[PDB]
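See below for the structure under consideration.
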């Protein structure tokens, strides 16, 4: 996602959230980083997953200073090149290194 | 019929102070009457239960938290948590207040006031209730100071009598 649909989705999911894309993305990064780095220590965020057709809707709910913060990641099945270069080749490298 | 008068600096005119009188009969949830004045004119508006309910569910939040934020903004109970900003067009009579944090604005509420023909009476009523509360507070404080003095004197006496009792 780039900085043209971010504003559209933010306004669609938050009819009274007048923010620039930069601030929204900074808030999203701040909300997501502690969960990924360490397993559910803050526990402030809420995540939900929906699988419809070949797409995936990942809903994230948070309390931005006690006020609602909704986001929806729309994911489509990754191309063979991306999955390959992200999972297959690296794992082969790790296996070879461990054998060495 | 609880009342509260607060000072707000409207965004349109920063230096000028506007005064905001909000009154509710039983509780803020049922609805309230708002009057915004600046000394030369007054704008009156109402918010009934149905309108606050529509605002609460349309924002898709718990009603209690919405009422808490609305009280923290309108009634001026704000702490160091975060700041609010109010906007009001004079030719449109459309007041709306939002909560500003990290360059992110949340349109917390919006009311539609209306010009009242006679501002002198509303201003005079405001000041008269104000002086009434002034005088009532003076009376209460003066009355309680006497109880304070009585308590101190009686404690001195009883302390002396306990001293005599223990000595004897």
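What translational D, rounded to a whole number of µm²/s, comes out for chain A from Stokes-Einstein when the hydrodynamic radius is the Kirkwood one over Cα pairs, at 4 °C and 1.567 mPa s?
This corresponds to a translational diffusion coefficient of 80 µm²/s.
What does the helix-only formula give at 222 nm for chain B: each DSSP H stretch with n ≥ 4 adding -39500 (n - 2.57), the total divided by the residues, and the result rounded to the nearest 500 deg cm²/dmol?
Result for chain B: -15000 deg cm²/dmol, rounded to the nearest 500.
Rank these for me by crowding, B:152, B:36, going from fewest to most other beta carbons within 10 Å.
B:152, B:36
Could you work out, residue by residue across B:57-63, how many beta carbons of other chains sit within 10 Å of that residue's beta carbon, and then give the average as an integer?
Counting other chains' Cβ atoms within 10 Å and averaging over B:57-63 gives 2.
Which residues does a label at residue B:58 reach in segment B:76-105, if reach means a backbone N under 20 Å from a point 7 Å past the Cα toward the Cβ?
B:85-90, B:92-100, B:105
What is the helix-to-structure angle for B:63-74, meaning the angle in degrees between its Cα long axis and the longest Cα principal axis of chain B, kept from 0 to 90 and rounded to the nearest 10?
So the helix axis and the longest Cα principal axis differ by about 80 degrees.
Let me confirm one metric for peptide B:97-110, namely the mean number of other chain beta-carbon atoms within 10 Å of its residues' beta-carbons.
Counting Cβ atoms of other protein chains within 10 Å of each residue's Cβ and averaging gives 4.
Going by C-beta contacts inside 10 Å, put A:13, B:74, B:28, A:98 in order with the fewest on the left.
Numbers: A:13 14, B:74 23, B:28 19, A:98 7.
The fewest-first ordering by Cβ neighbours comes to A:98, A:13, B:28, B:74.
When the scattering of chain B is computed by the Debye formula from its Cα atoms alone, each counted once and equally, what is log10 I(q)/I(0) at q = 0.14 Å⁻¹?
Ignoring solvent entirely, the Cα scatterers give -0.81.
Which three lengths, in whole Å and largest first, does the protein assembly as shown cover when its Cα atoms are put on their principal axes?
Rounded to whole Å, the extents work out to 93, 76, 35 Å.
Using just the helices of chain A, give the 222 nm mean residue ellipticity in deg cm²/dmol: DSSP H runs with n ≥ 4 each add -39,500 (n - 2.57), and the total is spread over all residues, rounded to 500.
Computed ellipticity for chain A at 222 nm equals -12000 deg cm²/dmol.
Helix A:21-37 sits at what angle to the longest principal axis of chain A, using alpha carbons and giving 0 to 90 degrees rounded to 10?
It works out to around 50 degrees.
With everything on Cα atoms, drop me the angle between helix B:49-59 and the longest principal axis of chain B, reported from 0 to 90° to the nearest 10.
70 degrees
All of the numbers you see were taken from the coordinates with simple rules; none came from a lab. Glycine also receives a Cβ, built like all others from the backbone with ideal geometry; neighbour counts cover every protein chain displayed.
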